[PDB]
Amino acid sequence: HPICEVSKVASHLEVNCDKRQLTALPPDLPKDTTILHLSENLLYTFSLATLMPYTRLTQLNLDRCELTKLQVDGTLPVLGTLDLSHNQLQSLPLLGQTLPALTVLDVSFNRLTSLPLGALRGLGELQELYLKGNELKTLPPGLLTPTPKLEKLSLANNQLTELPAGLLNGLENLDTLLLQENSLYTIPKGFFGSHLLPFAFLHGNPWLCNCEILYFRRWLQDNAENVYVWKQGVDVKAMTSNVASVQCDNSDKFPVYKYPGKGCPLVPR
């Protein structure tokens, strides 16, 4: 290509169009592109339809593109990975009519302040959803009904104050949940359901230790080796398990899993 780097790795074709002052998709890219990098351009509006000529395209990065609108015309039947991180999106692109094979969606570090009812409808193959660093306060009911195969979910570093009780319903395969550094104060009873969850990050929330925290206290007991602290810059296999990171607010660091619950339920005596 005269502008983008093209890197052939056996059958694989990875095209690097990163940081090239592009304001539009270049028109002469290989028809056989597997992976397209469009990071750090200026793609304010981007049309998914423009990528239809690329039949073998499985991964697209539009990260750090000052993107504000992603037009969802047309259909990309083989796109598996879409990275929209570090942009300016003020509402979530609604993609289920467009990317039926999507397994990975990253929209971390945008300007999202809520997700609409049905946001993920039609993304039935989704396995990973990253929403770290937006401005979310809660989630709509039924958010993950469309996505029963979900494996990893990040809501880290939002400003969440309520989680719907059935959020995790029918997630038979969930393996990582990141909820650290929000404004959460309680967990609805039964929130976790009955499936094993190997990695939960729950620290940096002002948990309210009253009788309604008992559910969470008992879950933390049964799951102490599954509760971790996020460390930046490393692999997750490098990170410390620490059930005591999860602390009662207004407490001086009293660990929720320790919560006595003495005299619950509170009644007149």
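In this text, residue numbers run from 1 along the sequence as written.
*Asks:* May I ask you to compare 158-166 and 193-201 by their mean CA B factor in the entry and name the higher one?
*Replies:* Per the deposited B-factors, the answer is 193-201.
*Asks:* As stated in the PDB record, which stretch has the larger average Cα B-factor, 113-121 or 129-137?
*Replies:* The recorded data point to 113-121.
*Asks:* Can you pull the Cα B-factors for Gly74, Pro188, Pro148, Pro93 from the entry and say which is highest?
*Replies:* That would be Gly74.
*Asks:* Comparing against every modelled residue in the chain, figure out the third that the C-alpha B-factor of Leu79 lands in (lowest, middle or highest).
*Replies:* Ranked within chain, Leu79 CA B lands in the middle tercile.
*Asks:* Based on the entry's values, in what third of the chain does the Cα temperature factor of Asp175 lie: lowest, middle or highest?
*Replies:* Middle third, going by the recorded CA B-factors of the chain.
*Asks:* State the tercile, meaning the lowest, middle or highest third, of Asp249 with respect to the CA B-factors recorded for its chain.
*Replies:* According to the entry, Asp249 has a C-alpha B-factor in the chain's highest third.
*Asks:* When the modelled residues of the chain are sorted by Cα temperature factor, does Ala10 land in the lowest, middle or highest third?
*Replies:* Its C-alpha B-factor belongs to the highest third of this chain's values.
*Asks:* Taking the chain's C-alpha temperature factors as the reference, tell me which third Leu22 falls into: lowest, middle or highest.
*Replies:* Answer is middle: the recorded C-alpha B-factor places it there.
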